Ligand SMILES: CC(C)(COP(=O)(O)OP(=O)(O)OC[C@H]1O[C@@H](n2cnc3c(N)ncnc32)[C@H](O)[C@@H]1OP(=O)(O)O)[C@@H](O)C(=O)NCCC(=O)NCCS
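Coming up is one lone chain in structure tokens, specifically the form solved without the ligand.
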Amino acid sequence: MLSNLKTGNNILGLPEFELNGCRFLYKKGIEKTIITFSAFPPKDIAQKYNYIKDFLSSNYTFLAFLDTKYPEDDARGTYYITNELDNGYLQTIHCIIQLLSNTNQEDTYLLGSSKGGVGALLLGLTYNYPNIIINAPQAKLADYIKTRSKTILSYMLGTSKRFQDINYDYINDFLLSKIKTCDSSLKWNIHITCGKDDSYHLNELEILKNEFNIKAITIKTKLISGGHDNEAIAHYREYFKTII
């Protein structure tokens, strides 16, 4: 029973639930379903639900997900990838959405910035959510985890040295693999904003656009003000409110 999944935490009036390691907020509404994914917080800061304020006064159904809870010593998530390096966490998110949402999937919108944008893409491309509106995702996920936390990277690489570089490249290509194996016949509605001052994620955006190009999948991209900062976020929020 949903109410028995509560953690005791409360975010802006919304009670937190946890199912099979997946923490989420749920507000039942009408017309549309809005789904958000959390990005990396700073070290020693708890993972935060993204873009609640934009939607708690809305009448839409709202689900906001956090990343995983491991590793314990730097519990800022593993890019929505299980420690078995598979889809078990994305699958849990998918089940929660399909059972708690009261709209069609084409009336479902996936939102997220940076790591959250990758999460939205990973879920949408695995389980055919066509509406993905994100900002500045990474392309090579392991290269980026390395810059944010050596602890999270080391944990995800595993303990055996035989497989560390294997796991590294596997994680590094996890999203790119999702693009290559996704259903090219779906009417994808993917928008990716990026700050014009964000040289890194501008390059990552070219890598992603290239993979979508190879799959004959047209993507909408819009450059916006800012870098990897709150000015880009501010323009991103304005962008996805216009669409939705």
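Counting begins at 1, following the sequence as shown.
What comes next is about the form solved in complex with the ligand, which is not displayed.
Engineer: Which one of these stretches, 177-185, 48-56, 215-223, 202-210, sits within 4.5 Å of the ligand in the bound PDB entry when only heavy atoms are counted?
Structural biologist: Single hit among the candidates: 48-56.
Engineer: Heavy atoms within 4.5 Å of the ligand in the bound PDB entry: does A39 have any?
Structural biologist: Contact check for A39: yes, within 4.5 Å of the ligand in the bound PDB entry.
Engineer: Determine whether any heavy atom of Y144 comes within 4.5 Å of a heavy atom of the ligand in the bound PDB entry, and answer yes or no.
Structural biologist: Yes, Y144 sits close enough to the ligand in the bound PDB entry that at least one of its heavy atoms falls within 4.5 Å.
Engineer: Does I233 make contact with the ligand in the bound PDB entry, using a 4.5 Å heavy atom cut-off?
Structural biologist: It does: once the ligand is placed as it appears in the bound PDB entry, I233 has a heavy atom within 4.5 Å of it.
Engineer: Is there a heavy atom of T108 lying 4.5 Å or less from a heavy atom of the ligand in the bound PDB entry?
Structural biologist: It does not: once the ligand is placed as it appears in the bound PDB entry, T108 has no heavy atom within 4.5 Å of it.
Engineer: What residues, if any, in 75-96 have a non-hydrogen atom within 4.5 angstroms of the ligand in the bound PDB entry?
Structural biologist: Residues within 4.5 Å: none.
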